[PDB]
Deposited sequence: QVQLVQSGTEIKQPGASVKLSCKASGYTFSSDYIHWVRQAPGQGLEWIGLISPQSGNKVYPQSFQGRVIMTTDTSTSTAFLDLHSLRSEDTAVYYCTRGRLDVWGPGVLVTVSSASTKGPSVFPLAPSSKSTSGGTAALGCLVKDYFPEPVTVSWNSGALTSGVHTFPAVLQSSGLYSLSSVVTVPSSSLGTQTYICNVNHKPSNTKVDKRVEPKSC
């Protein structure tokens, strides 16, 4: 009964982007597919709807001129093409069924002048519990995933959400609280993965 969506998109201002929505299974004809977005910290905003059966569409005055919704021969497979992108259009875009009863999982569209850059990872060395981490510096775009000791260390682990810098690049920190004695008995390594740049880094964190 569900909706699957295309994946994340990074665009320059002025650019356009084409997002795709597909029903997971089969449907009896169709009612409608809506698109709705949500910018970070803001509310829900309707972008329009389309009948996958007939291709008829409607858009609100706020988006008329900048958007094209299309469908193919399928009864459930809609597309949203958003033009003249600006910083303000950074948001998660959702598709929904006709009664807004079922929603797709979202796709992030980030509008930014920055180019893909992999992180520089630095140890945050600990000096009866000690804090030790790694600083994942100056990477674009999101996300980064961080694990510790290849997934064996989970408790005490706290990866913070990234700061966006005025340069446009992200930075995050991950830190782990361990017993002080284990500082001498156990190696700690953070595993940083930045898929957008096809980069992985294992960074050993040694005591001070």
item: Segments lacking C-alpha coordinates (deposited sequence numbering, starting at 1); value: 1, 129-134, 216-217
